[PDB]
Every structure is written in structure tokens, then in C-alpha cells.
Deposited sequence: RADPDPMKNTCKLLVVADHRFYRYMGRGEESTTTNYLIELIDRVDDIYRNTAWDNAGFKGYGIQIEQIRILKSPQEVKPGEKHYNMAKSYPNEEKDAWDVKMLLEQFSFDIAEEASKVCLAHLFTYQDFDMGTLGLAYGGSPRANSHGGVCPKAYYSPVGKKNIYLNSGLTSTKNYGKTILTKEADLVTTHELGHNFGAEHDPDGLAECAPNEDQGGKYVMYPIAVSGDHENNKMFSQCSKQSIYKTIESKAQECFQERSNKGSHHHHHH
């Protein structure tokens, strides 16, 4: 490992929904929540030996927190990830998750080009229990801005993005649950795909420590494996880190 290039610096964005419901309309409350969540997530990453030996000490740190206090004013037919209304169906509490991640990536493009990753934190009840989404580890994108020309957007967007919602089934999720959502989404950004049932080593039974963080079904941080990366995730992420740390990782602050 290169200690000068072992940290993925993040642009963290709190939308108006997050500011109102998680921040309780306060900047200090909003930032403290995020600083603490990223730091606990960083502990999981930093302590992971990607090759099961000495390839450890890789993590994440916040470079900047953008705090959107109020909804983004939009012109008719114009959409923005921070607008007041949900898209495509305004009658719903939440956006369609895939459309939201695409919109966030479009709006944050200039800022995303300058950071290892951009992450959106929101407060909306995505349909059917979805908690987040991210580019990378899909069956392109993830760590280090990779341009994608959007035919719809008519401009380059960067695929170094992800999002976390702390609202699910009409309530705020536990902090131990939110930590796991962000760890999983950043896991995709770091190159990991979902752990498959077909590989017992990567998807253990409840009496064998339970599921790892990359399992497609949400885990409550009460089982032994829930806050850890599987050997499947480690193999995928090890390859990403090897290829990507020299490109955009920085020295730990």
C-alpha cells in the first residue's frame, strides 16, 4: 500500500429532506450525524485486509459537506435532485431511486469531477424497502470520476456517485442500520457486487455469523458478519484499489 494514496476523499451532500428530518433544521446536527456515520464506515474499510494480509489501511474521509437548507427552485419541465417534488410520481414520498441517482450525478457533475466520490444523503421512503443505490460493482462507475456522455443530459456526468436514504417504511432507520446502507453503497463504488447465495463462504447462515455487508437484503448490525466484507467483496475491491488508488486516492488527514 501507498500511504500517500490510501484515502478516497468524499463530497457528502445533505439535501433539504435530510436537513429538515435528520438535521432537525440545524447545520450542526446535520454535519455531526454525517461526520460520525462516515467515520464509523471508515473504521470498517480501514480495518479490512483486502488480500487477507497487509493490504489494509484503505479508507474514506470527508473533504466537504454541502448542506442544502431549502428545496431547489425549478422552471416548468426542469428537474433537480434537491427540488421539492418527487420524480416521476409527485404523489409519492420518494423519487424512483435509479432516476434520483442519475439526476444527482447530472447536477453534481462539476464538483464530482474533483473528488474520489460524491455521496447524496436524503430522507425519502423509496418503494419496496430500498435504502440506497450506487455506481460500480454491477453485473461502469465507482471510485475516481469516470466521464459518461449523457445523451439526455447533453453533457458529461461522472459515475463516482451513490446515495443513502435514512427513511424506510415511514420512520427514521437506526444509526446502526444507516451505517450499513452507506457501507454497502460505497462497497459498490469500491467495486464489489452483491454476495450470491450460491457461495456459502460469501453468504453464511445465521448460526455461522450471518450475511456480509454486500448481501442484497438489508442486515441489522446484530449478527457477527453484518459489518464486514465477504471474501467475494474483498476479491472484487482488492482489484479496484490496486487499479484506482494511484488515480485519485490521497493521503489520510
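Query - Gaps in the model, given as deposited-sequence positions counted from residue 1 - result: According to the deposited record, C-alpha coordinates are absent for 1-3, 143-146, 261-270, which together make up the missing parts.
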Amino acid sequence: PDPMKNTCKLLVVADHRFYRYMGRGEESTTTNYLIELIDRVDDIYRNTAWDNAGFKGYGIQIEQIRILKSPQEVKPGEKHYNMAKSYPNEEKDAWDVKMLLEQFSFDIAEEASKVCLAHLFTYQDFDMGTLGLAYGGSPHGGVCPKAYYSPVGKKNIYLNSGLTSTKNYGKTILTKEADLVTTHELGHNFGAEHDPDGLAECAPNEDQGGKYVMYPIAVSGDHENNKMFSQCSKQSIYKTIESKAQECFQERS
From here on, numbers count along this sequence of modelled residues.
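Here the rigid core means the biggest group of C-alpha atoms that line up within 1.5 Å when the two forms are laid on top of each other.
Requested in this report: Find the stretch among 43-51 and 220-228 with the larger RMS C-alpha deviation in 5 other deposited structures of this protein, all structures being superposed on the shown form by the rigid core.
Outcome: Comparing 220-228 with 43-51, the one that moves more in 5 other deposited structures of this protein is 220-228.
Report task. Name the stretch that deviates more in 5 other deposited structures of this protein: 211-219, or 182-190? Use RMS CA distance to the shown form, core superposed. Result -> Looking at 211-219 versus 182-190 in 5 other deposited structures of this protein, the farther one turns out to be 211-219.
Requested in this report: Report, as yes or no, whether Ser138 is left without coordinates in at least one third of the other compared entries.
Outcome: Other entries vs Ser138: at least a third skip it.
Query raised in the report: Per the PDB record, is the mean Cα temperature factor higher over 86-94 or over 128-136?
Result: Per the PDB entry, the higher value belongs to 86-94.
Query raised in the report: Which has the higher mean CA temperature factor in the PDB entry, 148-156 or 175-183?
Result: Stretch with the higher mean C-alpha B-factor: 148-156.
Report task. Identify, among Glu63, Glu206, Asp39, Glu193, the residue whose C-alpha carries the highest B-factor in the deposited PDB entry. Result -> Of the candidates given, the C-alpha B-factor peaks at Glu206.
Report task. Relative to the other modelled residues of the same chain, rank the CA B-factor of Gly162 and answer lowest, middle or highest third. Result -> For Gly162, whose C-alpha B-factor we compare with every modelled residue in the chain, the answer is the lowest third.
Query raised in the report: Lowest, middle or highest third of the chain for the C-alpha temperature factor of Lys114?
Result: Middle third by C-alpha B-factor.
Query raised in the report: If you rank the chain by CA B-factor, which third does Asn226 end up in: lowest, middle or highest?
Result: Top third by C-alpha B-factor.
Report task. Sorting the chain's modelled residues by C-alpha B-factor, tell me whether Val213 ends up in the lowest, middle or highest third. Result -> For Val213, whose C-alpha B-factor we compare with every modelled residue in the chain, the answer is the middle third.
Report task. Divide the modelled residues of the chain into thirds by Cα B-factor and specify which third, lowest, middle or highest, holds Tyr19. Result -> For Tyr19, whose C-alpha B-factor we compare with every modelled residue in the chain, the answer is the middle third.
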